[PDB]
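Visitor: Below is the file protein_28.csv, with CSV, C-alpha atoms and all ligand atoms.
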```csv
chain,number,residue,atom,x,y,z
A,56,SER,CA,3.2,22.2,4.4
A,57,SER,CA,-0.5,22.9,4.2
A,58,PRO,CA,-1.6,22.0,0.7
A,59,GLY,CA,-0.5,18.3,1.3
A,60,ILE,CA,-2.0,17.6,4.7
A,61,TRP,CA,-4.9,15.2,5.2
A,62,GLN,CA,-6.6,13.8,8.2
A,63,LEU,CA,-8.1,10.3,8.4
A,64,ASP,CA,-11.5,10.0,10.2
A,65,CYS,CA,-13.5,6.8,10.8
A,66,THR,CA,-17.2,7.1,11.7
A,67,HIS,CA,-20.0,4.4,12.0
A,68,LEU,CA,-23.5,4.1,10.6
A,69,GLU,CA,-25.8,1.1,10.1
A,70,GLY,CA,-23.3,-1.3,11.6
A,71,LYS,CA,-20.8,-0.3,8.9
A,72,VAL,CA,-17.7,1.8,8.9
A,73,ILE,CA,-17.2,5.0,6.9
A,74,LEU,CA,-13.6,5.9,6.4
A,75,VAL,CA,-13.0,9.6,5.4
A,76,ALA,CA,-10.0,11.5,4.4
A,77,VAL,CA,-10.3,15.3,4.9
A,78,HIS,CA,-8.0,17.7,3.2
A,79,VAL,CA,-7.5,19.9,6.3
A,80,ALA,CA,-7.0,23.4,4.6
A,81,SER,CA,-10.1,23.0,2.3
A,82,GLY,CA,-12.5,20.7,4.1
A,83,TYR,CA,-12.6,18.6,0.8
A,84,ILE,CA,-13.2,14.9,1.5
A,85,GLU,CA,-13.1,11.4,-0.1
A,86,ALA,CA,-14.8,8.5,1.8
A,87,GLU,CA,-15.6,4.8,1.4
A,88,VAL,CA,-17.8,2.3,3.2
A,89,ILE,CA,-15.7,-0.7,4.5
A,90,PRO,CA,-16.8,-3.8,6.4
A,91,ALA,CA,-14.4,-2.9,9.3
A,92,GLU,CA,-11.4,-0.6,9.8
A,93,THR,CA,-8.4,-2.9,9.4
A,94,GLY,CA,-4.8,-1.9,8.4
A,95,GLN,CA,-5.3,-3.5,5.0
A,96,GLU,CA,-8.4,-1.4,4.2
A,97,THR,CA,-6.8,1.8,5.5
A,98,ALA,CA,-3.7,1.1,3.5
A,99,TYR,CA,-5.6,0.6,0.3
A,100,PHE,CA,-7.7,3.7,0.9
A,101,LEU,CA,-4.6,5.8,1.4
A,102,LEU,CA,-3.0,4.4,-1.8
A,103,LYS,CA,-6.1,5.3,-3.8
A,104,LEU,CA,-6.2,8.8,-2.2
A,105,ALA,CA,-2.5,9.5,-2.9
A,106,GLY,CA,-2.8,8.4,-6.5
A,107,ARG,CA,-5.5,11.2,-6.9
A,108,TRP,CA,-4.2,14.2,-4.9
A,109,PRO,CA,-0.6,15.1,-3.7
A,110,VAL,CA,-0.9,13.7,-0.2
A,111,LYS,CA,2.3,14.7,1.7
A,112,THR,CA,1.2,14.1,5.3
A,113,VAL,CA,-1.5,12.0,6.8
A,114,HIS,CA,-2.8,12.4,10.4
A,115,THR,CA,-3.9,8.9,11.1
A,116,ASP,CA,-7.2,8.5,13.0
A,117,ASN,CA,-6.1,6.1,15.8
A,118,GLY,CA,-3.1,4.4,17.1
A,119,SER,CA,-3.9,1.0,15.6
A,120,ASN,CA,-3.6,2.5,12.1
A,121,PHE,CA,-0.6,4.6,13.1
A,122,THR,CA,1.1,1.4,14.3
A,123,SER,CA,-0.2,-1.0,11.5
A,124,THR,CA,2.6,-2.5,9.3
A,125,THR,CA,0.3,-2.5,6.3
A,126,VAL,CA,-0.6,1.2,6.7
A,127,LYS,CA,3.1,2.1,7.1
A,128,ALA,CA,3.9,0.1,4.0
A,129,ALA,CA,1.3,2.0,1.9
A,130,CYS,CA,2.5,5.3,3.3
A,131,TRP,CA,6.1,4.4,2.3
A,132,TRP,CA,4.9,3.2,-1.1
A,133,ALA,CA,3.0,6.4,-1.9
A,134,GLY,CA,5.5,8.9,-0.4
A,135,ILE,CA,3.3,9.9,2.6
A,136,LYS,CA,4.6,11.0,5.9
A,137,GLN,CA,2.4,9.1,8.4
A,138,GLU,CA,1.8,11.3,11.6
A,139,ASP,CA,-0.4,10.8,14.7
A,140,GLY,CA,-3.7,12.6,14.7
A,141,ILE,CA,-3.6,14.0,18.2
A,142,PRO,CA,-5.4,17.4,18.4
A,143,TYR,CA,-2.6,19.4,19.9
A,144,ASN,CA,-5.1,22.0,18.7
A,145,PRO,CA,-8.4,21.1,20.6
A,146,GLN,CA,-10.8,22.8,18.0
A,147,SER,CA,-9.7,20.0,15.6
A,148,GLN,CA,-11.7,17.3,17.4
A,149,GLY,CA,-14.9,19.5,17.2
A,150,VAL,CA,-14.4,20.3,13.5
A,151,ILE,CA,-14.2,16.5,12.7
A,152,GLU,CA,-17.1,15.6,15.0
A,153,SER,CA,-19.2,18.3,13.2
A,154,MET,CA,-18.4,16.9,9.8
A,155,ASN,CA,-19.3,13.4,10.9
A,156,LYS,CA,-22.7,14.7,12.0
A,157,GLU,CA,-23.1,16.7,8.9
A,158,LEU,CA,-22.1,13.8,6.7
A,159,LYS,CA,-24.6,11.5,8.5
A,160,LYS,CA,-27.3,14.2,8.1
A,161,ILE,CA,-26.7,14.2,4.3
A,162,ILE,CA,-26.7,10.5,4.3
A,163,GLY,CA,-30.2,10.5,6.0
A,164,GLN,CA,-31.4,13.0,3.4
A,165,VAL,CA,-30.5,10.8,0.4
A,166,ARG,CA,-30.7,7.5,2.2
A,167,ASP,CA,-33.9,6.6,0.4
A,168,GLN,CA,-32.6,7.4,-3.1
A,169,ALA,CA,-29.8,4.8,-2.5
A,170,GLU,CA,-30.4,1.1,-2.1
A,171,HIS,CA,-26.9,0.7,-0.6
A,172,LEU,CA,-25.1,2.7,2.1
A,173,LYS,CA,-22.1,3.1,-0.2
A,174,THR,CA,-24.2,5.0,-2.8
A,175,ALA,CA,-25.6,7.3,-0.1
A,176,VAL,CA,-22.1,8.0,1.2
A,177,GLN,CA,-20.7,8.9,-2.3
A,178,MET,CA,-23.8,11.2,-2.7
A,179,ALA,CA,-22.9,12.7,0.7
A,180,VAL,CA,-19.2,13.3,-0.5
A,181,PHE,CA,-20.6,14.9,-3.6
A,182,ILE,CA,-23.0,17.3,-1.8
A,183,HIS,CA,-20.2,18.0,0.9
A,184,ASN,CA,-17.6,18.9,-1.7
A,185,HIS,CA,-19.9,21.0,-3.9
A,186,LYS,CA,-21.6,22.9,-1.0
A,187,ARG,CA,-20.8,26.7,-1.3
A,188,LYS,CA,-19.9,28.3,2.1
A,193,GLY,CA,-18.4,32.1,-1.7
A,194,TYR,CA,-16.3,29.0,-2.5
A,195,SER,CA,-16.9,25.1,-2.2
A,196,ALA,CA,-14.4,22.7,-0.6
A,197,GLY,CA,-13.8,21.3,-4.2
A,198,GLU,CA,-12.9,24.8,-5.3
A,199,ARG,CA,-10.7,25.5,-2.4
A,200,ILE,CA,-8.6,22.3,-2.7
A,201,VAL,CA,-8.0,23.0,-6.4
A,202,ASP,CA,-7.1,26.7,-5.6
A,203,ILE,CA,-4.8,25.7,-2.7
A,204,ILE,CA,-2.8,23.1,-4.6
A,205,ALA,CA,-2.7,25.2,-7.9
A,206,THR,CA,-1.2,28.1,-5.8
A,207,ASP,CA,1.3,25.6,-4.4
A,208,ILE,CA,2.4,24.3,-8.0
A,209,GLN,CA,2.9,28.0,-9.2
B,57,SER,CA,-12.4,21.9,-21.6
B,58,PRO,CA,-11.8,21.6,-17.8
B,59,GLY,CA,-15.0,19.5,-17.2
B,60,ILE,CA,-14.6,16.8,-20.0
B,61,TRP,CA,-13.8,13.2,-19.1
B,62,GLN,CA,-13.8,10.0,-21.2
B,63,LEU,CA,-14.7,6.5,-19.9
B,64,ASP,CA,-12.5,3.6,-20.9
B,65,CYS,CA,-13.0,-0.1,-20.0
B,66,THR,CA,-10.0,-2.5,-20.4
B,67,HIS,CA,-9.5,-6.2,-19.4
B,68,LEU,CA,-6.8,-8.0,-17.6
B,69,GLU,CA,-6.7,-11.3,-15.7
B,70,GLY,CA,-10.3,-12.0,-16.7
B,71,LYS,CA,-11.3,-8.8,-14.8
B,72,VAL,CA,-12.4,-5.4,-16.0
B,73,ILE,CA,-10.6,-2.1,-15.2
B,74,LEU,CA,-12.9,0.9,-15.6
B,75,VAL,CA,-10.9,4.2,-16.2
B,76,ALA,CA,-12.1,7.8,-16.3
B,77,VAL,CA,-9.6,10.0,-18.2
B,78,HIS,CA,-9.7,13.8,-17.8
B,79,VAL,CA,-9.2,14.5,-21.5
B,80,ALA,CA,-7.2,17.8,-21.3
B,81,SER,CA,-4.7,16.6,-18.7
B,82,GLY,CA,-4.5,12.8,-19.1
B,83,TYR,CA,-5.2,12.5,-15.4
B,84,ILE,CA,-7.1,9.3,-14.5
B,85,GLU,CA,-9.1,7.5,-11.8
B,86,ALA,CA,-9.7,3.7,-12.2
B,87,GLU,CA,-11.3,0.8,-10.4
B,88,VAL,CA,-11.4,-3.0,-10.8
B,89,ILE,CA,-15.0,-4.4,-11.2
B,90,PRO,CA,-16.1,-8.0,-11.8
B,91,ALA,CA,-18.0,-7.0,-15.0
B,92,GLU,CA,-18.9,-3.7,-16.7
B,93,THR,CA,-22.6,-3.3,-15.8
B,94,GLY,CA,-24.7,-0.1,-15.7
B,95,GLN,CA,-24.8,-0.2,-11.9
B,96,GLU,CA,-21.0,-0.4,-11.6
B,97,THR,CA,-20.5,2.4,-14.2
B,98,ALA,CA,-23.1,4.6,-12.5
B,99,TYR,CA,-21.5,4.1,-9.1
B,100,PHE,CA,-18.0,4.9,-10.5
B,101,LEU,CA,-19.3,8.1,-12.2
B,102,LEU,CA,-21.0,9.2,-8.9
B,103,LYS,CA,-17.7,8.8,-7.1
B,104,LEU,CA,-15.8,10.6,-9.8
B,105,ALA,CA,-18.2,13.6,-9.9
B,106,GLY,CA,-18.1,14.0,-6.1
B,107,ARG,CA,-14.3,14.3,-6.4
B,108,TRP,CA,-13.8,16.5,-9.6
B,109,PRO,CA,-16.1,18.9,-11.4
B,110,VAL,CA,-17.3,16.5,-14.1
B,111,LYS,CA,-19.4,18.3,-16.6
B,112,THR,CA,-19.4,16.0,-19.6
B,113,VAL,CA,-18.7,12.3,-19.9
B,114,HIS,CA,-17.9,10.5,-23.1
B,115,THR,CA,-19.3,7.1,-22.4
B,116,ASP,CA,-17.2,4.1,-23.4
B,117,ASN,CA,-19.8,2.1,-25.3
B,118,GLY,CA,-23.5,2.2,-26.3
B,119,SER,CA,-24.6,-0.1,-23.5
B,120,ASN,CA,-23.4,2.4,-20.9
B,121,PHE,CA,-24.7,5.3,-23.1
B,122,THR,CA,-28.2,3.6,-23.1
B,123,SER,CA,-28.2,2.3,-19.6
B,124,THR,CA,-31.0,3.6,-17.4
B,125,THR,CA,-28.9,3.4,-14.3
B,126,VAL,CA,-26.0,5.3,-16.0
B,127,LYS,CA,-28.4,8.1,-17.1
B,128,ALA,CA,-29.8,8.3,-13.5
B,129,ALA,CA,-26.3,8.8,-12.0
B,130,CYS,CA,-25.5,11.4,-14.7
B,131,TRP,CA,-28.7,13.2,-13.9
B,132,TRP,CA,-28.1,13.0,-10.1
B,133,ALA,CA,-24.5,14.2,-10.4
B,134,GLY,CA,-25.2,17.0,-13.0
B,135,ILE,CA,-23.2,15.3,-15.8
B,136,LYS,CA,-24.0,15.6,-19.5
B,137,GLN,CA,-23.7,12.1,-20.9
B,138,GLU,CA,-22.3,12.0,-24.4
B,139,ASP,CA,-21.3,9.3,-26.8
B,140,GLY,CA,-17.6,8.5,-27.1
B,141,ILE,CA,-17.4,8.3,-30.9
B,142,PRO,CA,-13.9,9.4,-31.9
B,143,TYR,CA,-14.9,12.1,-34.3
B,144,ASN,CA,-11.2,12.7,-34.1
B,145,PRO,CA,-9.5,9.3,-34.9
B,146,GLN,CA,-6.4,10.1,-32.9
B,147,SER,CA,-8.6,10.1,-29.7
B,148,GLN,CA,-9.0,6.2,-29.9
B,149,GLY,CA,-5.2,5.8,-30.5
B,150,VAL,CA,-4.5,7.8,-27.4
B,151,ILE,CA,-6.8,5.6,-25.3
B,152,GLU,CA,-5.3,2.4,-26.7
B,153,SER,CA,-1.8,3.6,-25.8
B,154,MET,CA,-2.9,4.5,-22.2
B,155,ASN,CA,-4.4,1.1,-21.8
B,156,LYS,CA,-1.1,-0.4,-22.9
B,157,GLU,CA,0.9,2.0,-20.6
B,158,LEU,CA,-1.4,1.1,-17.7
B,159,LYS,CA,-1.1,-2.6,-18.3
B,160,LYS,CA,2.7,-2.2,-18.5
B,161,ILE,CA,2.8,-0.5,-15.1
B,162,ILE,CA,0.5,-3.0,-13.7
B,163,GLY,CA,3.0,-5.7,-14.8
B,164,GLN,CA,5.9,-3.8,-13.2
B,165,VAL,CA,4.1,-3.8,-9.7
B,166,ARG,CA,3.1,-7.4,-9.7
B,167,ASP,CA,5.7,-8.7,-7.4
B,168,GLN,CA,4.2,-6.1,-4.9
B,169,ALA,CA,0.5,-6.4,-4.9
B,170,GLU,CA,-1.4,-9.6,-3.9
B,171,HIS,CA,-4.7,-8.3,-5.5
B,172,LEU,CA,-5.1,-6.8,-8.9
B,173,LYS,CA,-7.0,-3.9,-7.3
B,174,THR,CA,-3.9,-2.8,-5.5
B,175,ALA,CA,-1.7,-3.0,-8.6
B,176,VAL,CA,-4.3,-0.9,-10.5
B,177,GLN,CA,-4.3,1.9,-7.9
B,178,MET,CA,-0.4,1.8,-7.9
B,179,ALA,CA,-0.6,2.2,-11.7
B,180,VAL,CA,-3.0,5.1,-11.3
B,181,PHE,CA,-0.6,6.7,-8.8
B,182,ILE,CA,2.5,6.2,-11.1
B,183,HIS,CA,0.4,7.5,-14.2
B,184,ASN,CA,-0.8,10.6,-12.5
B,185,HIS,CA,2.6,11.5,-10.9
B,186,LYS,CA,4.7,10.8,-14.1
B,187,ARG,CA,6.4,14.0,-15.3
B,188,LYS,CA,6.1,14.6,-19.1
B,193,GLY,CA,7.8,19.2,-17.4
B,194,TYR,CA,4.4,18.7,-15.6
B,195,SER,CA,2.5,15.6,-14.4
B,196,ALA,CA,-1.1,14.8,-15.3
B,197,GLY,CA,-2.0,15.5,-11.5
B,198,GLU,CA,-0.4,18.9,-12.0
B,199,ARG,CA,-2.2,19.7,-15.2
B,200,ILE,CA,-5.7,18.8,-14.0
B,201,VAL,CA,-5.3,21.0,-10.9
B,202,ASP,CA,-3.8,23.9,-13.1
B,203,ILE,CA,-6.6,23.5,-15.7
B,204,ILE,CA,-9.4,23.5,-13.2
B,205,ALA,CA,-8.0,26.4,-11.1
B,206,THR,CA,-7.6,28.5,-14.3
B,207,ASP,CA,-11.2,27.7,-14.9
B,208,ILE,CA,-12.4,28.8,-11.4
B,209,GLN,CA,-10.3,32.1,-11.4
C,1,LIG,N1,-12.3,21.2,-7.6
C,1,LIG,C1,-12.6,19.7,-7.4
C,1,LIG,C2,-14.0,19.6,-7.1
C,1,LIG,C3,-14.3,18.5,-6.4
C,1,LIG,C4,-15.6,18.2,-6.0
C,1,LIG,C5,-16.6,19.1,-6.3
C,1,LIG,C6,-16.3,20.2,-7.0
C,1,LIG,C7,-15.0,20.5,-7.4
C,1,LIG,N2,-15.0,21.8,-8.1
C,1,LIG,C8,-13.9,22.5,-8.6
C,1,LIG,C9,-14.4,23.6,-9.3
C,1,LIG,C10,-15.8,23.5,-9.1
C,1,LIG,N3,-16.1,22.5,-8.3
C,2,LIG,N1,-3.0,17.4,-8.4
C,2,LIG,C1,-3.5,16.1,-8.1
C,2,LIG,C2,-2.4,15.1,-8.2
C,2,LIG,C3,-2.8,13.8,-8.4
C,2,LIG,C4,-1.9,12.8,-8.6
C,2,LIG,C5,-0.6,13.1,-8.5
C,2,LIG,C6,-0.2,14.4,-8.3
C,2,LIG,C7,-1.0,15.4,-8.1
C,2,LIG,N2,-0.4,16.7,-8.0
C,2,LIG,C8,-0.8,18.0,-8.0
C,2,LIG,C9,0.3,18.8,-7.7
C,2,LIG,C10,1.4,17.9,-7.6
C,2,LIG,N3,1.0,16.6,-7.8
```
Could you render the structure as structure tokens?

Guide:
Amino acid sequence: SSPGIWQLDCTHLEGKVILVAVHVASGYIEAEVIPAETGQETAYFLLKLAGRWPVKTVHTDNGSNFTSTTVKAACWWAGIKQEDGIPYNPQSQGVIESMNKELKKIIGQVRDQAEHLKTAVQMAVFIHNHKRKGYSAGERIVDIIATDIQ
Amino acid sequence: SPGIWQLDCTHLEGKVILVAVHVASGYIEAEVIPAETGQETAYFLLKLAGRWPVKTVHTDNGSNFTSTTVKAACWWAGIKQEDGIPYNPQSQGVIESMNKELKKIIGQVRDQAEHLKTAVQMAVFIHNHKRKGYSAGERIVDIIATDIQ
């Protein structure tokens, strides 16, 4: 069920890890910088995400988080069906790779306005979610979920 | 108005919980920080505005209203920074009640969370999903979609 499906994506920059959740139907994202991708960090990130949007399904980004006791506990807590993230559809991989490159591009564009990477990454989530493509991802996610409520 | 949010700062366990409340829906986002500083408040608003279409923020106190760093984040993110004076007195009573509701929920999830920050996000989840028959999560999405269309 499309309005509730999200994909986790973990990318690296400046020796740090950027954890992203993409709402697959809209391209809307939330993202955080963490020191490393552990079960505990992923779990807490999912808890935050599910408190903010109606997360029904998550495609986890790798098998360590799919396996992780802590990730499973957060998904049980927040009512999330944890799935694998295998691109049975191959164009999925490319879409995510392209967002990572686009996100890193926006990060380079603001990187000097931000003393800390975390700032630059939240600036990048803002520019990504507001970019008009004519609707933005922030507009599409709202539209998709509102249609689903009604 | 679909773009109006209120900042709210409450204390528990010697730590600070910063809350943004979407006024029309009651939907919230919240974070634990060591201390309410301009830099923390700025970063929190930047995150909030990248996630929801934040047009106006009622700041929670005059230090954040004044803060250069808060004004810079509001300029960067396109937010009109306002004072949070309850020109309607029922506004402050609504925030007090939510801080008490939030603290209650945090109490109820204390067996389950080792760190306060986990309990606070559990409390955000339960607050936003609570049916009152729509939830706050439902109302904000409905409000903002009506706005877009
Ligand atoms: N809808 C959530 C959202 C999130 C991020 C950025 C923008 C938005 N948006 C909605 C209407 C207009 N922008
Ligand atoms: N809409 C954002 C949201 C956030 C938190 C909890 C629930 C929701 N929601 C929307 C539709 C159904 N639940």

Visitor: As a PyMOL selection string, could you give me every residue of chain A near chain B (at most 7 Å apart, counting only C-alpha atoms)?

Guide: chain A and resi 99+102-103+105-107+174+177+180-181+184+201-202+205

Visitor: For residue 186 of chain A, please output as number ranges by chain all residues within 12 Å (counting only C-alpha atoms; exclusion window: fewer than 2 positions along the same chain).

Guide: A: 81-84, 157-158, 161, 179-184, 188, 193-199; B: 106

Visitor: List as a list in words the protein and nucleic acid residues near segment 140-145 of chain B, meaning an atom at most 12 Å away when all atoms listed in the file are counted, but skip any in the same chain fewer than 5 places from it.

Guide: residues 60, 61, 62, 63, 64, 79, 112, 113, 114, 115, 116, 117, 118, 119, 120, 121, 150, 151 and 152 of chain B

Visitor: How far is it from atom CA of residue 110 of chain B to atom CA of residue 80 of chain A, in Å with one decimal?

Guide: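 About the pair atom CA of residue 110 of chain B and atom CA of residue 80 of chain A: they are 22.4 Å apart.
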
Visitor: I'd like to know which of B:155, B:137, B:164, B:147 is closest to residue 74 of chain B, using only C-alpha atoms.

Guide: B:155

Visitor: Between atom CA of residue 63 of chain A and atom CA of residue 145 of chain A, what is the spacing in Å?

Guide: 16.3 Å

Visitor: Here is a test: counting all atoms listed in the file, which residue of B:93, B:196, B:111, B:167 is nearest to residue 131 of chain B?

Guide: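 With all atoms listed in the file as the atom set, the closest residue is B:111.
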
Visitor: Can you measure atom CA of residue 136 of chain A to atom CA of residue 115 of chain A for me? One decimal in Å is fine.

Guide: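 Between atom CA of residue 136 of chain A and atom CA of residue 115 of chain A the gap works out to 10.2 Å.
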
Visitor: With only C-alpha atoms as the atoms that count, which of A:110, A:72, A:86, A:126 lies nearest to residue 178 of chain A?

Guide: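 Going through A:110, A:72, A:86, A:126 one by one, the smallest distance to residue 178 of chain A is for A:86.
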
Visitor: How big is the axis-aligned box around the listed atoms of segment 76-81 of chain B once 3 Å is added on each side, and where is its centre? Give both in Å to one decimal, as AutoDock Vina command-line options.

Guide:
```
--center_x -8.4 --center_y 12.8 --center_z -18.9 --size_x 13.4 --size_y 16.0 --size_z 11.2
```

Visitor: So, with only C-alpha atoms and all ligand atoms as the atoms that count, which of A:59, A:94, A:109, A:149 lies closest to ligand LIG 2 (chain C)?

Guide: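 With only C-alpha atoms and all ligand atoms as the atom set, the closest residue is A:109.
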
Visitor: Would you be able to write out as a PyMOL selection string which residues have an atom within 12 Å of (-3.2, 15.1, 16.9) in the file's coordinates, counting only C-alpha atoms?

Guide: chain A and resi 61-64+113-118+121+137-148+151

Visitor: For residue 58 of chain A, find every residue with an atom within 7 Å (counting all atoms listed in the file), except residues of its own chain fewer than 5 positions away, and show them as a PyMOL selection string.

Guide: chain A and resi 80+203-204+207

Visitor: Looking at all atoms listed in the file, which of A:133, A:176, A:128, A:154 is the one that sits closest to ligand LIG 2 (chain C)?

Guide: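 Closest candidate: A:133.
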
Visitor: Looking at B:166, B:156, B:127, B:67, which one is nearest to residue 97 of chain B, with distances taken over all atoms listed in the file?

Guide: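 Of all the options, B:127 lies closest to residue 97 of chain B.
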